[PDB]
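Note that these values count all heavy atoms, side chains included, but never hydrogens, waters or copies made by symmetry. Reminder, nothing fancy here: chain letters follow the sequence lines and each chain counts from 1.
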Amino acid sequence: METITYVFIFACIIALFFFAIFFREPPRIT
Amino acid sequence: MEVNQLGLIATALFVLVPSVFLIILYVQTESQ
Amino acid sequence: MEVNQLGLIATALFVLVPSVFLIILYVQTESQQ
Amino acid sequence: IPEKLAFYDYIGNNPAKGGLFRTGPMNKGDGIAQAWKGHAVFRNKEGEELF
Amino acid sequence: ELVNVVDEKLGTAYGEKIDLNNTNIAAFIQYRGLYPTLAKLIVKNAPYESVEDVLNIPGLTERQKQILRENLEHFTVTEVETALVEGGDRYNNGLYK
Amino acid sequence: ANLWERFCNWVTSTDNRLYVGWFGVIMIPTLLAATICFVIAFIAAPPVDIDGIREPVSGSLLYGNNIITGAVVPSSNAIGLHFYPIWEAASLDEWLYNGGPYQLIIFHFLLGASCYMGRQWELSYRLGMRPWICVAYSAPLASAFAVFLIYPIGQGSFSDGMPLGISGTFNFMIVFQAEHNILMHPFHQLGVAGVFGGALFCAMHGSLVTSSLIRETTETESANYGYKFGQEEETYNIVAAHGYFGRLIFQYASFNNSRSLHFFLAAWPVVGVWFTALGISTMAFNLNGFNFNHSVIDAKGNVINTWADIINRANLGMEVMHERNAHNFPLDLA
Amino acid sequence: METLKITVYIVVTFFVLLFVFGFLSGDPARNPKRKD
Amino acid sequence: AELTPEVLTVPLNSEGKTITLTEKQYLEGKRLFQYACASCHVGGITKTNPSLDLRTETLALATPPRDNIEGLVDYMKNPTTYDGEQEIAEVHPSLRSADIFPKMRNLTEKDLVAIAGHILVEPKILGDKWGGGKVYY
Amino acid sequence: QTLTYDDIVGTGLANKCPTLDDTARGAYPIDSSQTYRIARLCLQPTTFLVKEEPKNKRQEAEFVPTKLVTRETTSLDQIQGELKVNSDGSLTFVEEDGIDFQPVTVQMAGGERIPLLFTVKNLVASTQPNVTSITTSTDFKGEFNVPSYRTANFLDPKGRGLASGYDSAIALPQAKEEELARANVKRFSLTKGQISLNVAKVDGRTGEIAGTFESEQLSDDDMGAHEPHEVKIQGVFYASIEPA
Ligand code: CLA
Ligand code: CLA
Ligand code: CLA
Ligand code: CLA
Ligand SMILES: C=Cc1c(C)c2cc3nc(c4c5[nH]c(cc6nc(cc1[nH]2)C(C)=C6CC)c(C)c5C(=O)[C@@H]4C(=O)OC)[C@@H](CCC(=O)OC/C=C(\C)CCC[C@H](C)CCC[C@H](C)CCCC(C)C)[C@@H]3C
Ligand SMILES: CC(C)=CCC/C(C)=C/CC/C(C)=C/CC/C(C)=C/CC/C(C)=C/CC/C(C)=C/CC/C(C)=C/CC/C(C)=C/CC/C(C)=C/CC1=CC(=O)C(C)=C(C)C1=O
Ligand SMILES: CCCCCCCCCCCCCCCC(=O)OC[C@H](CO[C@@H]1O[C@H](CS(=O)(=O)O)[C@@H](O)[C@H](O)[C@H]1O)OC(=O)CCCCCCCCCCCCCCC
Ligand code: HEC
Ligand SMILES: CC1=C(/C=C/C(C)=C/C=C/C(C)=C/C=C/C=C(C)/C=C/C=C(C)/C=C/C2=C(C)CCCC2(C)C)C(C)(C)CCC1
Ligand code: OEY
Ligand SMILES: [Cl-]
Ligand SMILES: [Cl-]
């Protein structure tokens with residue numbers, strides 16, 4: 001169960017990267 | 001491995017509780 | 001008692017995941033009006 | 001008699017012997033089968049075979 | 001039922017004297033005249049039944065037999081211990097300074 | 001135009017969400033291969049005979065590690081510096097046993113990261129920027145080359161390169177101190193000044209700019225909303241930050257040119273980390289830290305120990321225990 | 001393995017050549033100001 | 001503590017005759033042991049054969065005995081194994097073998113005795129450290 | 001031919017025993033009034049077989065093939081010894097010295113690694129009686145010693161050993177020692193092996209012979225911490241006989 005827990009947390013972070021890059025709030029010049 | 005089996009629930013809530021907090025604040029922000 | 005260890009995590013998630021989902025939708029509902 | 005065939009003739013591998021909340025592999029219940037002990041023959045004091 | 005064969009040996013005469021059947025060849029440095037020449041012969045001809053069989057080594061010289069006699073009181077024999085004589089450990093046992 | 005020109009124009013497009021560029025053409029495949037191998041090996045790789053003595057070290061999560069103890073283990077000492085691609089092994093099983101994933105990961109990674117640096121130059125050219133960000137990055141890159149390539153070259157084996165793990169990193173640092181007295185090396189002391197000073201100047205600059213934000217918001221909103229992205233003007237009063245900091249110390253120990261100040265922030269950590277990367281790179285050739293062991297002696301000749309002798313007793317404890325089955329002869333010459 | 005070695009040799013070779021040729025394709029002019 | 005003539009008094013021979021050395025001689029014998037010997041014998045050990053050190057107790061039990069100046073000087077002229085049975089100038093620096101160990105070429109007989117006295121004096125100063133190795137650093 | 005190191009280096013041929021032409025099927029005459037010797041004996045394993053653990057129900061274990069993971073480091077060579085002529089006529093080889101052991105690790109299905117000390121230390125191998133010539137039907141059978149795979153100074157990962165090392169599990173200061181004794185107390189095993197060497201090529205002129213061998217021995221027990229496996233090793237051998 002411990003291996004699964006470490007890998008799950010690591011996989012959520014990788015998904016976090018994807019959304020944070022491609023689904024960021026676009027910086028706009030206001 | 002002979003780990004602490006309370007570690008799983010500690011880790012799970014360590015993650016879920018504060019993450020939920022954030023999600024809740026974010027979503028109600030986007031809806032006003 | 002010699003009880004199923006995973007019963008604890010199962011119970012917590014069973015409560016927490018559905019409950020958190022409802023709260024998320026409630027709070028963002030109130031922030032609309 | 002091959003052990004494999006003797007192990008089929010055992011109610012612990014009958015799928016209709018479980019429980020809804022009795023979780024996990026069949027091995028968690030009766031254990032991990034190791035060996036056929038042999039076929040048991042019962043007799044009374046008069047030497048009649050019994051079943 | 002389980003013991004460390006080496007610790008047990010420390011309780012025998014190996015722990016007090018040079019065991020001609022077991023001890024590492026560097027221990028012969030302790031006494032005058034034994035190292036390297038005679039130590040090489042003792043070890044090469046090793047397993048002895050009694051310390052005094054050492055005087056029968058083929059080809060000793062008369063000065064050598066006397067040096068051995070002067071030092072029989074420093075020698076012992078115990079049964080060969082595999083863990084001490086394998087690996088060429090009687091010549092080099094991994095201990096330096 | 002023609003096909004090769006459409007392609008060239010895509011590769012170097014400043015409109016891709018992530019810049020590709022010609023360096024990217026090498027960077028992407030090499031980093032992908034390094035990353036996929038590292039993730040799989042970290043989780044699933046079986047034990048690796050790092051020191052060549054048929055004493056395999058388990059580095060992966062499935063073989064009894066956690067996040068902190070796990071590693072991709074360096075390749076076998078039996079291999080030394082020989083190239084050990086997958087195709088040189090008689091079987092994946094042999095390649096895993098002898099630590100092949102490590103070679104594959106670090107070669108693809110040094111390549112990929114060398115090209116990451118070039119990519120930083122490349123995009124700054126397409127954007128009309130000045131070019132020397134990539135110079136700053138040369139300090140971290142140089143450091144990775146040192147622990148993964150240069151130190152193994154000097155010592156003659158990838159088995160002494162840095163493991164790819166949290167605890168493996170510590171192992172490498174303790175053995176290093178034992179064999180090179182790195183604490184007593186001025187290049188490492190310059191590295192510590194680099195990173196300490198970088199942390200300091202980092203907190204200072206942030207504290208000092210934050211201290212002099214112009215009131216542009218109310219008490220109920222984040223101060224940050226007082227800055228609008230791309231605004232013509234500045235949102236802090238540098239003259240006021242100088243007025244504060246110049247008085248904190250004295251007027252000329254303080255910067256009033258924004259460009260001189262930011263150049264200093266760039267140069268301090270970069271230079272220091274250059275030195276500590278060069279420190280690993282030269283200790284790779286056994287030019288070691290200062291040796292003051294038994295340097296003070298009294299009128300008779302007794303050794304009068306100093307703190308350097310106390311360090312040496314710790315070093316000796318590391319020396320005699322590390323790789324406890326790997327030495328047959330009294331000197332550990334590499 | 002033999003099959004692996006060849007496939008990697010070709011992959012690497014292809015990517016290397018893209019790199020070389022792309023920088024020869026007038027890289028100095030691919031900038032936002034002066035096309036020399 | 002200081003470097004006294006009693007410290008600097010060592011066996012000249014097995015006879016129990018002794019000689020006393022000057023500060024200057026002892027230090028000469030340190031410079032020279034460093035120049036010619038310490039590469040292998042730093043601190044009283046022998047890197048190329050740790051089994052043999054330069055502790056006086058070891059020198060004593062050597063054949064011929066060597067816990068005295070003459071026998072040490074002899075050793076540096078014509079070295080032998082520990083039991084005296086073989087000469088070893090082919091592999092150990094010596095005046096006999098100054099052709100192949102060039103560092104020994106320009107050693108005067110007074111240089112040898114300085115080296116011998118340094119060797120004999122140093123364990124009186126350092127004790128266990130000398131010939132003890134890394135345990136005592 | 002006469003190859004040089006630089007010809008062989010890095011090719012894998014240094015781990016190969018020499019071979020004899022297909023046309024070497026002569027016989028080496030044995031002169032009972034003469035003394036003989038093996039000047040070089042080379043053994044080169046080609047397959048490593050490990051007996052599987054027949055579960056409690058058992059029926060019969062098999063010897064399962066295995067994968068070698070330690071590369072071209074497996075051969076025994078430069079082995080020497082005297083070839084005695086016994087009076088029943090047989091020949092007996094008595095190993096004196098040589099490179100007569102290689103540590104080898106093979107892998108079983110499932111991923112179990114099996115180290116062993118592939119060896120013929122103290123080989124004593126005899127022919128059948130009344131052997132007046134060595135021929136392409138001459139067999140030797142022998143037995144050898146198999147010492148512990150690690151020797152006495154070897155330290156386990158918690159610092160425990162036989163001739164050195166901690167004698168307890170120092171990370172569990174107040175554990176009951178009794179459940180840990182088999183791992184705390186290191187034991188040095190010495191067992192025996194058996195080998196057959198079947199001569200199949202003979203150059204009567206040079207005294208070179210060549211053939212196949214099979215040997216059986218135990219694998220590593222990790223100084224008593226677990227039970228060893230039975231290993232069967234097969235390969236080819238080469239030997240030169242010189243009169244002494
Ligand atoms: C068709 C789906 C299916 C089936 C038939 C199986 C079958 C099996 N799995 Mg698998 N599994 C599945 C899906 C499935 N799995 C999925 C989707 C997952 C991901 C979570 C897993 C993860 C998984 C693991 C991690 C393990 C298994 C294991 C097993 C075995 C033991 C099952 C057990 O103890 O049941 C337990 C079943 C129950 C306790 C019944 C639960 C149903 C609840 C009571 C319903 C909830 C009612 C609901 C709240 C009602 C409200 C309605 C109303 C309000 C409107 C068995 C062979 C185990 C095994 O032995 O493998 C080695 C094991 O360790 N499975
Ligand atoms: C940008 C692409 C790129 C680059 C630069 C590298 C670079 C490298 N790889 Mg990686 N690799 C890549 C993509 C890349 N890889 C991809 C996409 C995969 C997945 C398929 C892999 C899979 C992979 C594996 C599985 C392994 C490597 C290995 C290596 C190393 C040596 C490769 C080698 O021997 O070729 C050397 C280069 C050449 C032979 C060509 C040089 C270029 C000239 C100009 C052409 C020469 C003509 C050529 C010989 C013709 C081919 C056919 C010929 C034999 C007849 C090096 C670090 C090996 C490794 O890390 O071992 C430690 C290894 O085991 N790579
Ligand atoms: C008690 C506080 C204290 C002080 C004053 C120092 C000071 C120092 N340490 Mg030490 N250190 C400390 C605690 C301290 N340390 C602690 C708790 C640890 C962890 C246990 C360490 C671990 C550590 C390591 C491992 C190393 C140092 C090093 C250094 C030097 C460089 C530090 C540096 O660049 O800082 C960053 C700060 C700046 C760049 C700002 C300037 C700071 C300087 C030193 C002050 C200038 C004094 C000034 C000229 C005199 C008055 C001027 C006036 C006339 C105008 C310096 C001598 C390195 C070293 O030994 O180099 C020899 C090194 O290798 N330190
Ligand atoms: C307070 C005590 C102290 C302090 C402050 C330091 C400080 C430092 N030590 Mg010293 N050290 C100490 C005690 C200390 N040490 C002690 C006690 C020992 C003896 C046990 C040592 C032994 C020691 C060794 C042996 C080494 C150091 C090194 C270093 C440096 C490490 C940082 C570095 O290399 O950055 C440089 C930057 C990098 C290494 C990063 C490169 C990043 C690559 C290019 C990119 C990676 C990308 C990543 C994989 C993916 C991210 C993607 C993500 C966004 C998803 C730094 C100067 C190291 C050094 O000088 O290395 C050059 C070194 O090797 N130390
Ligand atoms: C240990 C300290 C340390 C780390 C880990 C680190 C990390 C990083 N610094 C970067 C940049 C920088 N750092 C800078 C100065 C500094 N950086 C420092 C110290 C560090 N910097 C210090 C001390 C300084 C002051 C000099 C600058 C000036 C830059 C940059 O410009 C650059 C950047 O872009 O900043 C945002 C990024 C490089 C991105 C890249 O190459 O992607 C390419 C590689 C990728 C995406 C994935 C690689 C995956 C590989 C294959 C994983 C397996 C192999 C690893 C080596 C495994 C390691 C395992 C560990 C447990 C040891 C990255 C976030
Ligand atoms: C008993 C009695 C007498 C009591 C009465 C007391 C009394 C009245 C006494 C009389 C007065 C008196 C002084 C007595 C003499 C005593 C005396 C001499 C005191 C000893 C004090 C002591 C030695 C301290 C040493 C000084 C010390 C702190 C070191 C300073 C050295 C120094 C220059 C280092 C820092 C270097 C520096 C340039 C830092 C830059 C940091 C950095 C890059 C920040 C980023 C940044 C910077 C900016 O600059 C601005 C702008 C912005 C934006 C910004 O991001
Ligand atoms: C006899 C013994 C032997 C002697 C040997 C001599 C050795 C001395 C070498 C001298 C080197 C010259 C100085 C460096 C170049 C320089 O002037 O920069 C140019 C700028 C211009 O300054 C700016 O100058 C500007 C005027 S101008 O640009 O010069 O024209 C002005 O606008 C601005 O206000 C002002 O700040 O300097 C600054 O920005 C001020 C900060 C200076 C930072 C020092 C240099 C980099 C530090 C690296 C060290 C890191 C340490 C590692 C930590 C672990
Ligand atoms: C390395 C090549 C050496 C140098 C340089 C010097 N010595 Fe040495 N010494 C060396 C060895 C390998 C040995 C062992 C010889 C053997 O018996 O096989 C020795 C031994 C001595 C001794 C005898 C010590 C004893 O306990 O019996 C002495 C007195 C000695 N060496 C002195 C000596 C001096 C004075 C040197 C400088 C000129 C010197 N050695 C250089 C190896 C090496
Ligand atoms: C074309 C192109 C491109 C793209 C490219 C790409 C995208 C690439 C990719 C690549 C990749 C994607 C690759 C990968 C790699 C991988 C690898 C190479 C891996 C390996 C692995 C391994 C080998 C492992 C193994 C193992 C282990 C470790 C353990 C367990 C077991 C096993 C066996 C599984 C671009 C845009 C640039 C542009 C130009 C063109
Ligand atoms: O420091 Mn000590 O030295 Ca460089 O090798 Mn010799 O021992 Mn070993 O393998 Mn990694 O480590
Ligand atoms: Cl180590
Ligand atoms: Cl070694």
Side-chain angles (χ1 to χ4, degrees), chain E residues 1-30 35-37 39-49 57-59 75-97, chain I residues 78 95-103 117 119-123 144-156 158-170 176-193 217-218 220-227:
Chain E
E1 50 169 329
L2 307 177
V3 282
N4 180 311
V5 290
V6 170
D7 291 309
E8 229 177 44
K9 266 274 187 256
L10 295 168
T12 82
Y14 175 88
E16 330 179 11
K17 311 225 167 300
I18 300 181
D19 189 342
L20 304 187
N21 294 333
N22 279 297
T23 293
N24 170 271
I25 188 152
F28 290 90
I29 278 164
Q30 296 171 72
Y35 187 86
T37 306
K40 173 165 167 199
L41 296 167
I42 299 191
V43 174
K44 182 76 56 177
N45 283 270
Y48 308 96
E49 301 192 34
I57 282 175
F75 302 161
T76 184
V77 281
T78 77
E79 309 94 288
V80 173
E81 176 45 65
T82 308
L84 283 166
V85 291
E86 292 286 336
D89 278 1
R90 292 202 72 185
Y91 299 95
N92 182 328
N93 57 7
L95 276 58
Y96 301 99
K97 284 303 195 171
Chain I
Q78 312 226 60
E95 202 236 353
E96 285 187 24
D97 188 27
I99 305 169
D100 55 8
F101 68 96
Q102 289 301 345
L117 202 70
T119 189
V120 301
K121 286 181 169 304
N122 305 101
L123 178 55
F144 47 97
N145 287 335
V146 180
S148 176
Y149 173 82
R150 318 294 202 174
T151 73
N153 287 1
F154 178 84
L155 301 174
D156 81 7
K158 291 312 302 184
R160 303 172 287 200
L162 195 50
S164 178
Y166 301 128
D167 64 338
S168 73
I170 62 158
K176 283 327 191 317
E177 305 197 291
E178 306 87 74
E179 345 301 282
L180 303 168
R182 196 179 161 102
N184 279 335
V185 188
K186 308 308 188 169
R187 303 182 277 151
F188 186 116
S189 96
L190 182 85
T191 54
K192 291 266 175 158
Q217 59 163 108
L218 305 176
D220 180 40
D221 67 355
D222 193 31
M223 317 192 96
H226 64 74
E227 300 293 295

For I/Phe101, is the CZ atom crowded, meaning more than 12 foreign heavy atoms sit under 6.0 Å from it? no

Who wins among E/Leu84, E/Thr82, E/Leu95, E/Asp89 for the most heavy-atom pairs under 4.5 Å with chain I? E/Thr82

Portion of I/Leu190 that has a non-hydrogen atom of chain E nearer than 4.5 angstrom: side chain

Counting only heavy atoms not in I/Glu177, do more than 12 fall under 6.0 Å of its CD? no

What part of E/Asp7 lies closer than 4.5 angstrom to a heavy atom of chain I: side chain, backbone, both or neither? neither

Counting only heavy atoms not in E/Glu49, do more than 12 fall under 6.0 Å of its CD? no

For I/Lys158, is the NZ atom crowded, meaning more than 12 foreign heavy atoms sit under 6.0 Å from it? no

Can you check side-chain contact (heavy atoms from CB on, under 4.5 Å) on I/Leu162 and E/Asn4, steps first, answer last? CA-CA 6 Å; I/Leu162 195 50; E/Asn4 180 311; 3.8 Å; yes

Can you establish whether the number of heavy atoms outside E/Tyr91 located under 6.0 Å from its atom OH is more than 12? yes

Could you have a look at I/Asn184, I/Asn145, I/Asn153, I/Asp167 and say which one has the most heavy-atom pairs with chain E under 4.5 angstrom? I/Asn153

State the CD-CZ distance between E/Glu1 and I/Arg182, to the nearest 0.5 angstrom. 8.5 Å

What are the two closest non-hydrogen atoms of I/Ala152 and E/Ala83, and how far apart are they? CB-O, 3.4 Å

How about I/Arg187 and E/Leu2: do any of their side-chain heavy atoms sit closer than 4.5 Å? yes

